[PDB]
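Student: Below is the file structure.txt, with compact mmCIF, C-alpha atoms and all ligand atoms.
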# COMPACT_ATOMS: atom_id res chain seq x y z
CA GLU A 16 175.82 43.02 63.83
CA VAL A 17 173.64 40.21 62.39
CA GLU A 18 174.96 36.82 61.29
CA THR A 19 172.91 34.79 58.79
CA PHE A 20 173.27 31.00 58.65
CA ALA A 21 171.85 28.28 56.43
CA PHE A 22 169.93 25.48 58.10
CA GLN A 23 171.41 22.06 57.56
CA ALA A 24 169.50 20.49 54.67
CA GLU A 25 167.79 17.93 56.90
CA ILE A 26 166.43 20.66 59.21
CA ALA A 27 165.21 22.76 56.29
CA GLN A 28 163.39 19.64 55.08
CA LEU A 29 161.82 19.13 58.53
CA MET A 30 160.62 22.73 58.59
CA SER A 31 159.18 22.46 55.08
CA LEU A 32 157.25 19.33 56.07
CA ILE A 33 155.85 21.06 59.16
CA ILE A 34 154.80 24.10 57.13
CA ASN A 35 153.41 22.32 54.08
CA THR A 36 151.75 19.13 55.33
CA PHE A 37 147.99 19.24 55.85
CA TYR A 38 147.63 18.47 59.55
CA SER A 39 144.79 19.91 61.61
CA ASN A 40 146.03 19.14 65.16
CA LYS A 41 148.23 22.24 65.38
CA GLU A 42 147.65 22.87 69.11
CA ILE A 43 150.43 20.43 70.08
CA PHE A 44 153.01 23.17 69.38
CA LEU A 45 152.25 24.54 72.84
CA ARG A 46 152.74 21.21 74.60
CA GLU A 47 156.07 20.81 72.83
CA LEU A 48 157.38 24.25 73.79
CA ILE A 49 156.22 23.87 77.40
CA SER A 50 157.94 20.48 77.51
CA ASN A 51 161.15 22.06 76.22
CA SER A 52 160.87 24.74 78.93
CA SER A 53 160.37 22.07 81.59
CA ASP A 54 163.46 20.22 80.35
CA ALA A 55 165.50 23.46 80.49
CA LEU A 56 164.26 24.18 84.04
CA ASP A 57 165.20 20.63 85.11
CA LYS A 58 168.74 21.23 83.84
CA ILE A 59 169.36 24.41 85.85
CA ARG A 60 167.73 22.83 88.90
CA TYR A 61 170.09 19.86 88.68
CA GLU A 62 173.17 22.10 88.37
CA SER A 63 171.99 24.15 91.35
CA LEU A 64 171.89 21.06 93.61
CA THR A 65 175.70 21.06 93.81
CA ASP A 66 176.37 24.75 93.05
CA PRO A 67 173.77 27.16 94.46
CA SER A 68 175.52 30.08 92.71
CA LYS A 69 174.00 28.79 89.45
CA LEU A 70 170.78 30.53 90.57
CA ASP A 71 172.44 33.90 91.22
CA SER A 72 170.90 34.87 87.85
CA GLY A 73 167.41 34.10 89.18
CA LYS A 74 166.04 31.76 91.85
CA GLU A 75 162.51 31.37 90.46
CA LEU A 76 161.87 28.41 88.15
CA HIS A 77 158.71 29.04 86.14
CA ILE A 78 156.99 29.25 82.74
CA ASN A 79 154.98 32.29 81.60
CA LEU A 80 152.63 32.39 78.60
CA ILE A 81 152.17 35.92 77.28
CA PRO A 82 149.66 36.58 74.49
CA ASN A 83 149.66 39.95 72.76
CA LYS A 84 146.85 40.53 70.28
CA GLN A 85 148.17 43.91 69.13
CA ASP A 86 151.51 42.41 68.06
CA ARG A 87 149.91 39.05 67.14
CA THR A 88 152.47 37.21 69.24
CA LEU A 89 152.39 34.41 71.79
CA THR A 90 155.52 34.36 73.96
CA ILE A 91 156.62 31.37 76.06
CA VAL A 92 159.10 32.46 78.75
CA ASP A 93 161.03 30.15 81.03
CA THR A 94 163.82 30.68 83.56
CA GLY A 95 165.63 27.48 82.65
CA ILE A 96 169.30 26.93 81.83
CA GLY A 97 169.16 28.95 78.60
CA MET A 98 171.37 28.51 75.55
CA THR A 99 174.82 29.70 74.61
CA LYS A 100 175.45 31.22 71.18
CA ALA A 101 176.94 27.88 70.14
CA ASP A 102 173.79 26.07 71.30
CA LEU A 103 171.58 28.40 69.26
CA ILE A 104 173.60 27.81 66.11
CA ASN A 105 173.68 24.04 66.75
CA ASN A 106 169.92 23.71 66.24
CA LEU A 107 168.83 25.28 69.53
CA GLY A 108 170.62 22.69 71.63
CA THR A 109 169.09 19.67 69.87
CA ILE A 110 170.48 16.73 67.93
CA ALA A 111 168.12 17.75 65.15
CA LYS A 112 169.83 15.94 62.26
CA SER A 113 169.42 12.48 63.79
CA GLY A 114 166.06 13.42 65.29
CA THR A 115 164.73 14.48 61.90
CA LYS A 116 165.91 11.26 60.26
CA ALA A 117 163.99 9.19 62.80
CA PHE A 118 160.90 11.41 62.67
CA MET A 119 160.60 11.23 58.89
CA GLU A 120 160.93 7.43 58.98
CA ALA A 121 158.21 7.24 61.64
CA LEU A 122 155.87 9.42 59.58
CA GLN A 123 156.26 7.03 56.66
CA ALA A 124 155.85 4.17 59.16
CA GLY A 125 152.46 5.39 60.40
CA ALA A 126 153.30 8.18 62.85
CA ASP A 127 151.81 11.67 62.70
CA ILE A 128 153.16 15.16 63.37
CA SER A 129 151.92 15.20 66.98
CA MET A 130 154.68 12.67 67.80
CA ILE A 131 157.46 15.15 66.97
CA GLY A 132 158.65 15.50 70.58
CA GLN A 133 159.59 11.82 70.76
CA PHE A 134 162.39 12.74 68.33
CA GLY A 135 163.94 15.68 70.19
CA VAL A 136 162.85 18.23 67.57
CA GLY A 137 159.61 19.49 69.12
CA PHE A 138 160.77 23.12 68.94
CA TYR A 139 160.17 23.14 65.19
CA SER A 140 156.45 22.46 65.73
CA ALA A 141 156.29 26.21 66.40
CA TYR A 142 156.06 26.56 62.60
CA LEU A 143 152.64 24.89 62.69
CA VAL A 144 151.29 28.24 63.90
CA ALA A 145 154.05 30.88 63.48
CA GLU A 146 155.24 32.61 60.33
CA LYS A 147 158.33 33.80 62.23
CA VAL A 148 159.90 32.64 65.49
CA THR A 149 162.28 34.75 67.60
CA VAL A 150 164.21 33.07 70.43
CA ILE A 151 165.83 35.30 73.08
CA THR A 152 168.12 33.41 75.45
CA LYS A 153 170.63 33.90 78.26
CA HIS A 154 172.84 31.13 79.66
CA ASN A 155 175.02 31.68 82.74
CA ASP A 156 178.15 31.12 80.60
CA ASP A 157 177.32 33.49 77.71
CA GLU A 158 175.72 36.81 76.75
CA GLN A 159 172.10 37.37 75.75
CA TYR A 160 171.37 36.47 72.12
CA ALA A 161 168.44 36.58 69.71
CA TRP A 162 167.88 33.83 67.12
CA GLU A 163 165.23 34.33 64.47
CA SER A 164 163.86 32.52 61.44
CA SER A 165 160.93 32.78 59.04
CA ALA A 166 162.02 29.41 57.58
CA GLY A 167 163.03 29.68 53.93
CA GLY A 168 166.33 27.97 54.70
CA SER A 169 168.10 30.50 56.93
CA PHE A 170 168.23 31.86 60.46
CA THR A 171 169.94 34.85 62.05
CA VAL A 172 171.79 35.32 65.33
CA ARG A 173 172.63 38.65 66.93
CA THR A 174 173.52 39.95 70.36
CA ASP A 175 170.30 41.09 71.99
CA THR A 176 170.12 44.71 73.15
CA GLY A 177 166.57 44.25 74.42
CA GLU A 178 165.40 43.90 77.99
CA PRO A 179 167.91 41.82 80.01
CA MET A 180 166.51 38.41 80.93
CA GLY A 181 168.66 37.16 83.82
CA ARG A 182 168.66 33.53 82.66
CA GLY A 183 166.43 31.39 80.48
CA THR A 184 164.69 31.42 77.12
CA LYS A 185 161.85 33.38 75.53
CA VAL A 186 160.20 31.90 72.40
CA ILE A 187 158.23 34.59 70.56
CA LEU A 188 155.73 33.15 68.06
CA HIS A 189 154.69 35.65 65.37
CA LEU A 190 151.42 33.92 64.57
CA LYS A 191 149.99 33.29 61.13
CA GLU A 192 146.91 35.38 60.37
CA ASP A 193 144.58 32.37 60.60
CA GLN A 194 146.06 31.06 63.88
CA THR A 195 144.98 33.82 66.27
CA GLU A 196 142.87 31.43 68.37
CA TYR A 197 146.13 30.74 70.23
CA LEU A 198 145.95 34.27 71.70
CA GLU A 199 142.52 33.61 73.26
CA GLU A 200 142.65 32.95 77.01
CA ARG A 201 140.07 30.16 76.95
CA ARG A 202 141.87 28.37 74.12
CA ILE A 203 145.28 28.55 75.81
CA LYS A 204 143.81 27.35 79.12
CA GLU A 205 142.18 24.40 77.35
CA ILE A 206 145.45 23.36 75.70
CA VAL A 207 147.48 23.65 78.91
CA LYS A 208 144.91 21.58 80.82
CA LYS A 209 144.72 18.93 78.08
CA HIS A 210 148.43 18.45 77.40
CA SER A 211 150.56 20.02 80.14
CA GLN A 212 148.70 19.18 83.33
CA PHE A 213 151.67 17.28 84.87
CA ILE A 214 154.44 19.83 84.21
CA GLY A 215 156.23 20.41 87.52
CA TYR A 216 156.69 24.18 87.31
CA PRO A 217 154.12 26.98 87.61
CA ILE A 218 152.64 27.98 84.25
CA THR A 219 151.18 31.48 84.45
CA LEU A 220 148.90 32.64 81.65
CA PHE A 221 149.09 36.42 81.50
CA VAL A 222 145.95 38.37 80.64
CA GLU A 223 145.64 41.42 78.42
CA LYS A 224 144.24 44.91 79.03
CL1 LIG B 301 154.76 18.89 63.58
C1 LIG B 301 154.92 17.93 62.14
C2 LIG B 301 154.04 18.13 61.10
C3 LIG B 301 154.21 17.34 59.97
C4 LIG B 301 155.23 16.41 59.92
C5 LIG B 301 155.42 15.56 58.75
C6 LIG B 301 156.34 14.66 58.35
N1 LIG B 301 156.00 14.15 57.12
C7 LIG B 301 154.86 14.78 56.81
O1 LIG B 301 154.47 15.64 57.77
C8 LIG B 301 156.06 16.30 61.04
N2 LIG B 301 155.91 17.05 62.13
Any chance you could put this one into C-alpha cells?
Tutor:
Amino acid sequence: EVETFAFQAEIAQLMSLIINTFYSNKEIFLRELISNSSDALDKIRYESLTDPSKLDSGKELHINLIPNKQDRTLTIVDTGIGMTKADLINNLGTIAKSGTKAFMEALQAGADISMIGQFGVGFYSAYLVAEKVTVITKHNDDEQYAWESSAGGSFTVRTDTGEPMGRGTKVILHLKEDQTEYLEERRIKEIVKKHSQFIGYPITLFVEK
C-alpha cells in the first residue's frame, strides 16, 4: 500500500533550485547527509542517558557509507534516532518551509548552495547528485517505513518489507549517470577527510568486490 503526497510548494521550489541551478561544488551533499546522521545519533544518545532501554534496538552508534556500482547507488546508513511516519511526511523531520525561505533570501543576498545546512534543509542537497532518493527509517516508537522521491513535486511513503533495520535511517542515493565519481573509494575518502573530519561517530567506508 503506497501513499503519494505533494510537496509543499516551498519545498518543491527548493528542490527545483537544487536540481536546475548551475553549481559545480556538488560534493557537499555528503557532508550534509553525514551531518544529519550525526545529529540523529546525538538525539538517541541523549535519550539513552536517562533511559538505557532506548538502545535495546541497537547499542552501536555509527555511520556507514556503502557504494554499489552495479546498482549505481551510494547509501548512507546511521543508527540514530530514526523517523516516525509523521516525521517522514513532515519534511523528514525538518522545519523545511521556514528553512527554505531563509535559504532563498541568503542566495539572493550573496550566499551559495554549499551553505544549505545552515538553514536546516541540508537533506535536499542529495538532489545535487541523485535522480531518486529512497529513505528507509525505523524509530523506536513506530514501524519501518520507506520514503521515496524523484522530485517532480511528489513523494511516496510505504511500510517497508525489506531487511529490518533495528533503529536509524538509510539514505539511498540513486546517482545521476554523470555523478558516478561518488562511488569511487578515493573520491569518497577525500570528501570525508575534507568536510567530515570532526564528526564524533565512526564513519566506515565499505569496499566492493
Ligand atoms: Cl544545494 C543548493 C543548490 C542551489 C541552491 C540555490 C538557490 N538559488 C539558486 O540556487 C540552493 N541550494
Student: Could you make a table, as CSV, of the residues of chain A that have an atom within 6 Å of an atom of ligand LIG 301 (chain B), each with its nearest atom pair and distance in Å to one decimal, counting all atoms listed in the file, in chain and number order?
Tutor:
residue,atom,partner,partner_atom,distance
A:32,CA,B:LIG301,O1,4.9
A:33,CA,B:LIG301,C2,4.0
A:36,CA,B:LIG301,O1,5.1
A:119,CA,B:LIG301,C6,5.5
A:122,CA,B:LIG301,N1,5.3
A:128,CA,B:LIG301,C1,3.5
A:129,CA,B:LIG301,CL1,5.8
A:131,CA,B:LIG301,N2,5.4
A:140,CA,B:LIG301,CL1,4.5
Student: What's around range 78-92 of chain A at 6 Å? Count only C-alpha atoms, leave out sequence neighbours fewer than 3 positions away in its own chain, and write the answer as a list in words.
Tutor: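 Residues meeting the cut-off are residues 184, 185, 186, 187, 188, 189, 190, 198, 218, 219, 220 and 221 of chain A.
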Student: Interatomic distance between CA of residue 68 in chain A and CA of residue 50 in chain A?
Tutor: 25.1 Å
Student: So, counting all atoms listed in the file, which residue among A:21, A:222, A:96, A:121 is closest to residue 69 in chain A?
Tutor: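 Selected residue with least distance to residue 69 in chain A: A:96.
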Student: Rank nothing, just name the residue among A:136, A:172, A:64, A:203 nearest to residue 101 in chain A, using all atoms listed in the file.
Tutor: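 For residue 101 in chain A, the nearest of the given residues is A:172.
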Student: Could you tell me how far CA of residue 197 in chain A sits from CA of residue 165 in chain A, in Å to one decimal place?
Tutor: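 Here the two named atoms are 18.7 Å from each other.
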Student: For the atom pair CA of residue 116 in chain A and CA of residue 46 in chain A, what is the interatomic distance in Å to one decimal place?
Tutor: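 Atom-to-atom, CA of residue 116 in chain A and CA of residue 46 in chain A are spaced 21.9 Å apart.
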Student: Nearest to residue 178 in chain A among A:144, A:166, A:161, A:107, with distances taken over only C-alpha atoms: which residue is it?
Tutor: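 Distance minimum relative to residue 178 in chain A lands on A:161.
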Student: I'd like to know which of A:28, A:35, A:23, A:152 is closest to residue 103 in chain A, using only C-alpha atoms.
Tutor: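 So, comparing all the options, the nearest one is A:152.
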Student: So that I can see what lies close to residue 48 in chain A, please list as a list in words the residues with an atom at most 8 Å from it, counting only C-alpha atoms and leaving out residues fewer than 5 positions away in the same chain.
Tutor: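 My reading of the contact set: residues 91, 137, 138 and 141 of chain A.
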Student: Those same residues, written as a JSON list (two decimals), in the coordinates of the input with C-alpha atoms?
Tutor:
[["chain", "number", "residue", "atom", "x", "y", "z"],
["A", 91, "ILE", "CA", 156.62, 31.37, 76.06],
["A", 137, "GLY", "CA", 159.61, 19.49, 69.12],
["A", 138, "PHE", "CA", 160.77, 23.12, 68.94],
["A", 141, "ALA", "CA", 156.29, 26.21, 66.40]]
Student: Would you kindly return, as an mmCIF file with C-alpha atoms, keeping the file's coordinate frame, each protein, DNA or RNA residue with an atom no farther than 8 Å from any atom of residue 70 in chain A, considering only C-alpha atoms and excluding same-chain residues fewer than 4 positions away?
Tutor:
data_model
loop_
_atom_site.group_PDB
_atom_site.id
_atom_site.type_symbol
_atom_site.label_atom_id
_atom_site.label_comp_id
_atom_site.auth_asym_id
_atom_site.auth_seq_id
_atom_site.Cartn_x
_atom_site.Cartn_y
_atom_site.Cartn_z
ATOM 1 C CA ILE A 59 169.360 24.410 85.850
ATOM 2 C CA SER A 63 171.990 24.150 91.350
ATOM 3 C CA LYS A 74 166.040 31.760 91.850
#
Student: Can you work out which one of A:145, A:150, A:206, A:126 has the shortest atom-to-atom distance to residue 102 in chain A, counting all atoms listed in the file?
Tutor: A:150
Student: Using all atoms listed in the file, find the one residue out of A:143, A:157, A:100, A:118 that sits nearest to residue 193 in chain A.
Tutor: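 For residue 193 in chain A, the nearest of the given residues is A:143.
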Student: Just the residues within 7 Å of residue 159 in chain A, please, counting all atoms listed in the file, with nothing from its chain fewer than 5 positions along; format it as a list in words.
Tutor: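 Here the answer would be residues 152, 153, 174 and 175 of chain A.
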Student: Write out as JSON an axis-aligned box for range 203-208 of chain A: all of its atoms listed in the file, 6 Å added on each side, centre and edge lengths in Å with one decimal.
Tutor:
{"center_x": 144.8, "center_y": 25.1, "center_z": 78.3, "size_x": 17.3, "size_y": 19.0, "size_z": 17.1}
